[PDB]
Amino acid sequence: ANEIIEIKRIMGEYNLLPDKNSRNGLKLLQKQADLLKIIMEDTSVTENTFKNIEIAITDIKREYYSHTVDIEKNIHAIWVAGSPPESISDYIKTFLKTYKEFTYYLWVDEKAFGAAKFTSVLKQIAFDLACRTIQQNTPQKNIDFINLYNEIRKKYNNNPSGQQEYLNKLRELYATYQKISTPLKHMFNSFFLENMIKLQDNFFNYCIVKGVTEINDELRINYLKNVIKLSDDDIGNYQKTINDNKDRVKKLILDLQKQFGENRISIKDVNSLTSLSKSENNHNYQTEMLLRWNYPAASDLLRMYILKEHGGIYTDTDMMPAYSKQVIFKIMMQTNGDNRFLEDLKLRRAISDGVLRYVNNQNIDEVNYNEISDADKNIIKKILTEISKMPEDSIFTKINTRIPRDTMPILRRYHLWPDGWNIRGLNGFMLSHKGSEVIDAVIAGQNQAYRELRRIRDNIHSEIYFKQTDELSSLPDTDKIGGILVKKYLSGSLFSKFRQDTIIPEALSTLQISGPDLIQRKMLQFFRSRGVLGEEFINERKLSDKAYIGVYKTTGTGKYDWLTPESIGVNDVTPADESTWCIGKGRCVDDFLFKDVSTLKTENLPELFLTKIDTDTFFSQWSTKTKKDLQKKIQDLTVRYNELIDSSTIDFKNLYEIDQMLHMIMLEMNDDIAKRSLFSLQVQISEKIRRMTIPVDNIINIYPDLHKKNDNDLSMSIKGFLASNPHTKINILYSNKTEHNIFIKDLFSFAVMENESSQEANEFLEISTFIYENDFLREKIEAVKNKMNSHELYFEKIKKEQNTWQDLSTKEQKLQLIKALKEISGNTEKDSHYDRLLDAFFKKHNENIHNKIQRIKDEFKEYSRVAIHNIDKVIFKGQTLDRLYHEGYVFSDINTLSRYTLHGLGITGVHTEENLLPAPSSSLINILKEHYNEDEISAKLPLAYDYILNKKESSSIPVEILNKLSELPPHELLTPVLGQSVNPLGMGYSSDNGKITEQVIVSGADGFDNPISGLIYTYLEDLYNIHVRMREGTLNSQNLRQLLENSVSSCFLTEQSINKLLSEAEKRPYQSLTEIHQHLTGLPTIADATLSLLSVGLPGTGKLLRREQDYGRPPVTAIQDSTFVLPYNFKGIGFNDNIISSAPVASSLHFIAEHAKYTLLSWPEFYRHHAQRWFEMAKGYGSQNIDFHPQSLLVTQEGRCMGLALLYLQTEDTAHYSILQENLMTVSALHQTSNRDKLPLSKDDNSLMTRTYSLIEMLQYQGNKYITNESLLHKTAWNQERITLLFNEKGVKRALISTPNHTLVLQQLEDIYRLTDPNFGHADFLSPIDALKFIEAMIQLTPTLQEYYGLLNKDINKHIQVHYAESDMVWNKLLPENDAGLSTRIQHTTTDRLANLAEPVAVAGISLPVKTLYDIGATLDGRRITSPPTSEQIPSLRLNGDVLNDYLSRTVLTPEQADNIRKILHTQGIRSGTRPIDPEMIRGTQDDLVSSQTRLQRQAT
């Protein structure tokens, strides 16, 4: 019925429109067709009659229409720097002659004539940095390619007479480059692309600091001077190139305007486009300046910008209009039955050359005719003579002018390669009208493609090696892109000599980021999104012939019909094509600018290098005035700045202070070089913030909507997350108060309407049609909504028991509810849907919500992990969210506030409102790709998930695929929450199309500091206060400023904000917290506000991070890798993640036996019985340093202790190793004291323990994932000689020795090989062979130990694996560098902190040091003491019992403090949660004669 009434509404609206041939009419038609398609496909009432289906199909054939729009009379072309004008002018003239009323525009970037020199300088800087990095990562092997390259760079010498020689030498050197091993080539590609990205980011930060709103040539010159030592000769060369290009453009345009008139052809400046400076496009044009390997071609973004802005026809300056009927006919008549002239490229190219010369009144028979037989030469000559005899103005025909609304036809090209016909679309020719939707779709696709390209940098934990086993389809894969860039850099230019088939590298076309293939893909997706109007353009997952232009008939009973094309195209086969630009036409050598990079200013590139400041060289450029004025501030800043940079954790107090004072130094200093140095410091701080990441606690929280009809999606999500990981704790949160308030709202709304089941449906549709046929239509809808909201406001205002108490009972107290509804109603009657039919409605409401909850509970009653929580019981009394619940809050964002409040309370992990699913793993995608196509995976995944979870087989998937899916464990096919990382600022955020939304909130692990949570708490309190003030109707500037005078959220307090807030308050007082947020800040979501809040505490780095968002960089609060997908299209929520191609590797979990021994009380037995044996074995093979630091964190062998192993891989020197060792000892002691003895810890110790455990879990998952993957780490079987030659010859610093149940670490610390086993500690050796023999012997130590490692009664040589990598930055990329400071800082327990200070406190009339008071254990409101209590905290200081009893169990406590403790215990009390202890603090043991001797000796000394 809803579908029928929607049909009626849409027909009513569409027939009354000012112009049906527009966007909204097309949208209405599309949605009508879609819903009618559902209706026909819906067997709701049988299949009706074949006649009804016939009616439906005739109707859908009818309603399509055409809605044709004309095209603007404009022709566009893009001028490319260095293009000779004498070649372009011919095609300009031909297009002007063919199209009479069209206006030709030549688009020229006046401010980028020198961009080629700048880009080449950046490219060679990047290549030299990559070469240096690769050389330093492979010191054992001397790569001769690098030596040859450096030798060539040295022998460059003379510039003017050696540029061509240098280019040719590089051309030959590419052949030598194509000889190194494949991993080296991958290293070059990855490093080269990454270095370009970093250099572009450095240039953009230079633009940010300089405060420039436009990028022009002298800005590039200044940047080059500030980066490299740029001389005056180079600036002269740059300016000469700029002037030469300007003169060429001026000459060309002057000649053309003289011959045709200065009104038909003119010149446009691309900087007039409003899309270059648009924030969404984030300056991808500048990036394309650099990441471009088809130099002679124009840019791909500018075409789309031009077509969107002005519209019309875009053409390349290398193309001619298509021939007319007569020309083709005469060509056939002069060749008889030889169709080779119209199909072979060479012959038609010669014909095109001849016709082009003829039309422009040049020497007709001067055609090249190269490599053409004499007979064909003569035939072409007669053909050209016949054409020349034919009058002009009839040789070229015009393309179709009319066009469907919101579409972009694409030129189609047919070529006759030796292997057959190649038919592809080209971006060389387009048609569009001003502002069509497909242009916007293609632009969005280009932005997404550029974001995905910038993934090797923006993502810390990327992939370096892929094995390139299978690669096809879209392929944005960075490895191939880097390969093409290296090809372009070294081997001159592309297209050299021969290129695959007929000088056409199709692989290039499939690899182009924004080439024709991306446009085709986005057009296909747009047409699919159109609906039932779209399949006319869709032909079996490919674009049909209707989308393209210049389509020839496919059925010519042999070849094609070159007489009557379906649509008219253009003659893209042109003598000035790339076939001449490759060899014949002179290659552009003005685009290269040699620059030796031995003079690189390393200290001015914070993104590339990490520089620690000092007082010697940091001030070697400042002016004397600023010197000795701010030099001292920087000098005493160094000590904190260097330790902040060289740290594993982030101290937010230190960071706040450092950044605030750097910003202060900025604001009060007037200089340009010192400001640049301090900005470099700020950029280093920002990069440090971005590199740090903290784990997530493997918890998913789902806040479902209990009003959706379908409930299988939530069950599917819960089951998928249960199957993804055997430790993922699932929480489902709801709120009885929220739905109760929703029900009351609906009741009041229906009542206030009253103030104004087939039979009931028929009556309602009759009433709706009756009011649609008279004045009640289009006159009271907005009245209904305004009146209901105003009466909701008024009912909120009156505040009776129905409001404050909300009638939470509804058992007997429905009587006053009914009489109140009568009072609010204007019926002045009885039982008017109030005494009757209302109790039934209430019963329906409660039964629906409660049965949904009951089904959710019962379906997962056997799983202890799935917990159903009620929000009303978790929140505290009197909080913001509690007051929102109590007063009555029914806005759609109440769930967002609930997520924020619940995270503030303490529950961590992912928070989401919709039904997320774990992302498919790489194995699942590989299985799917073995039978399907990449574009089909997104549609076939729901069936695969159904079969994996519910075991529901489908007929749409081959049985072999189902068997393969059933073969693998479910947790090998889905990606769990565990292992995901977030920014150290705290809460992350999901994203779409670059922007960040509130669909998913991923919070950091518990224990780690979280500033965003506190900022959100304070800001939500402020928003609630503002809400209350607007509700009361008493708000003005004064009290608004006073209400926000103490909180951080006062940086939004501008005049316009005040005016907007007051106007909105006067318009509609009762508004939502998110709406108030939008009115106050101007940002759409709270997620966008958080960075602004943080910039109050980080005035320098906060603004820098915000300002880098619109320069291509991801938001600092965004998520890189998405392990979640949405359950309606299966698209990742990540910023630059594509789940289909970049799928995460499956992690092999480790499972132990259920009877696993060594509980927490019995684990020390293992060390107790094996430590001495381990020591003897270590001494029996030669070891000068043996140290024991056994762990008590992991009693069982789950994860085979791999997490701990990875921590020992984090260190690379002995000092950091010792720091990590002692910190792990402290954490194990804390864990033993907490869990084994059941003694509560202090807040600091508990947080440290939680952080260490979260890190251990995350590293365990990551290590298990890395072990079972071959591209990342090279697995090897046990072989002593192989391993020792691996360390000696190949060169490896770190390796993991993995057994079935354990993991050992082997490092080359300094010159001494350290073998670490988390049990028994580490042993040092002077040679790898000794370490390997000791490992094998240590395995064969005791049958208990051998069994405990899972090597009992099994061969050792075939069950121990060795894992390593080819270079150490592989390890640096895999291992996260935010390890909570365990490897750099010495973590002090609260007892050590209290012992450090010496200040006894006066408690109960006696003096007691704070350390001893803590050791006794003093609980303030159920929490240990961390600071010395003041005079107002003593009476409330209780005493802990268990801690005290343990304290007596440990120490002897001589009477001199035993009496003091007696006084403390009697004066104070014992907290009820602990147990009482009898006073038995005495000391009378032994004799104090040894005490006499000890004091005698100490006085002696």
# chains A, B, ... in the order shown; residues from 1 in each chain; ligands from 1

$ residues_around --residues "residue 534 of chain A" --least-positions-apart "2" --cutoff "12 Å" --atoms "only C-alpha atoms" --output "PyMOL selection string"
chain A and resi 26+29-31+33-34+64+407+523-532+536-539+541+543-544+546-547

$ residues_around --residues "residue 439 of chain A" --least-positions-apart "3" --cutoff "8 Å" --atoms "only C-alpha atoms" --output "list in words"
residues 304, 307, 308, 407, 408, 435, 436, 442 and 443 of chain A

$ select_by_dssp --residues "segment 930-1134 of chain A" --states "helix (DSSP H, G or I)" --output "ChimeraX atom specification"
/A:934-950,959-967,970-972,1011-1032,1037-1043,1055-1067,1073-1081,1086-1097,1101-1107,1109-1111

$ residues_around --residues "residue 279 of chain A" --least-positions-apart "2" --cutoff "10 Å" --atoms "only C-alpha atoms" --output "PyMOL selection string"
chain A and resi 275-277+281-283+1109-1112

$ residues_around --residues "residue 253 of chain A" --least-positions-apart "6" --cutoff "8 Å" --atoms "only C-alpha atoms" --output "count of residues only"
3

$ select_by_dssp --residues "segment 498-638 of chain A" --states "strand (DSSP E or B)" --output "ChimeraX atom specification"
/A:500,504,538-539,542-543,548-549,553,561,570-571

$ closest_residue --among "A:639, A:1304, A:1248, A:977" --to "residue 1226 of chain A" --atoms "only C-alpha atoms"
A:1248

$ closest_residue --among "A:130, A:464, A:939, A:290" --to "residue 1370 of chain A" --atoms "only C-alpha atoms"
A:464

$ residues_around --residues "residue 1442 of chain A" --least-positions-apart "2" --cutoff "7 Å" --atoms "only C-alpha atoms" --output "list in words"
residues 1239, 1440, 1444, 1445, 1446, 1474 and 1475 of chain A

$ residues_around --residues "residue 1308 of chain A" --least-positions-apart "3" --cutoff "8 Å" --atoms "only C-alpha atoms" --output "PyMOL selection string"
chain A and resi 1293-1294+1311-1314

$ closest_residue --among "A:840, A:57, A:108, A:134" --to "residue 80 of chain A" --atoms "only C-alpha atoms"
A:108

$ closest_residue --among "A:864, A:832, A:915, A:202" --to "residue 705 of chain A" --atoms "only C-alpha atoms"
A:915

$ atom_distance --atom1 "atom CA of residue 457 of chain A" --atom2 "atom CA of residue 990 of chain A"
19.3 Å

$ atom_distance --atom1 "atom CA of residue 782 of chain A" --atom2 "atom CA of residue 737 of chain A"
29.1 Å

$ atom_distance --atom1 "atom CA of residue 1386 of chain A" --atom2 "atom CA of residue 1324 of chain A"
23.2 Å
